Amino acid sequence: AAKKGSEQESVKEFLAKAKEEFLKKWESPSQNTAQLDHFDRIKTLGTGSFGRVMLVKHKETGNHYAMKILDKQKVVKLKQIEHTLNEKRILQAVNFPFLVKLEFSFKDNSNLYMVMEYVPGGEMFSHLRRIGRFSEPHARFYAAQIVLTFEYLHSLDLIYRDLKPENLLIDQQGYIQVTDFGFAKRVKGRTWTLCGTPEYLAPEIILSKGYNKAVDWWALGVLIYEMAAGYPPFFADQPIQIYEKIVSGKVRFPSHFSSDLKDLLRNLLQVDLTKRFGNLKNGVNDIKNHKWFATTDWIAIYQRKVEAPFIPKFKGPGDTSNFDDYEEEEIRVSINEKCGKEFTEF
């Protein structure tokens, strides 16, 4: 894990070029690259606290996209202005195989719109709950993609802060696309915001300490555990009871977890920051070189040359069968501009 050989130098070089490209877009973000009547709205794919994600068809190309719609007034009431500006500025600047691609963004009097590649296979959440749990090789396949994605994001000074199966979509090749950058943030120091999802929060978030990218590696431990067990390592009907479990320093593993898997998770689900994998001198390479990943060909994963555990069923273009049904609400655009100054840079 400490060895710095030719493979490590190639990673370094790749990330250096990736950062040069990211920073150009970070400093000069794209804006106002479509408008609402460029799209036919088809069906709601999911909802959130600010609005909905809708399947749409782009009229001029016939391509299908997922359009995230945020109500500006609701964003303001939830004190999510800066987070939403982070989300869009980061998403329009990144480029990685396992990150959803933002194709267009724009705003109108009422709403913000982010139009992303449509990922038709549905949420990992749906497949995981239905099948119960994933085998260790299948969990490994997905985990490897997150490891590489966090290596990429963290090298750009980005923290992701909301890893969970609900935010991981499965594409038509069986690979992951991360979505929901609502809490993603570019930061070189520590930061302090209480955000995330209860089951996935690191102890230092719960305890109101300054924290850094190590919270993402804790959340990877939660994700791997949930994929392989079928339930997360800390759960209870009341969030306060979840928090008490997280900070206790105790974790238990299913009988079927391999010895290697338990070892990796003890090192990711480490309350002590000075011991947590991903946060040590060797950084991500303590994870990438762990015995549980010994079979993982990191380059083959990046190149999408590894056979996936399953290919989602696909009935045709624009099919939504891998998604739940949601109540549809009509998109209303007010005749008066709302919150223009707050969202001027979007």
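Take the two forms, superpose them, and find the largest set of C-alpha atoms that agree within 1.5 Å; that set is the rigid core. The first residue of the shown sequence is 1; numbering continues from there.
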| query | finding |
| --- | --- |
| Stretch with larger C-alpha RMS deviation in 8 other deposited structures of this protein, core superposed, 125-133 versus 186-194 | 186-194 |
| More shifted region, core-based fit in 8 other deposited structures of this protein, 272-280 vs 75-83 by CA | 75-83 |
| Mean C-alpha temperature factor, higher of 260-268 and 103-111 | 260-268 |
| Selected stretch [higher average CA B-factor]: 77-85 or 206-214 | 206-214 |
| Of the residues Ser49, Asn63, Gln31, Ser28, the one carrying the largest Cα B-factor as recorded | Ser49 |
| Record-listed C-alpha B factor of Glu7: chain third | highest |
| Lowest, middle or highest third - CA B-factor, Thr274 | highest |
| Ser155 - which third its CA temperature factor falls in, relative to the rest of the chain | middle |
| CA B-factor placement of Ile170, once the chain's modelled residues are sorted into thirds | lowest |
| Position of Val251 among the chain's modelled residues by C-alpha B-factor, lowest, middle or highest third | highest |
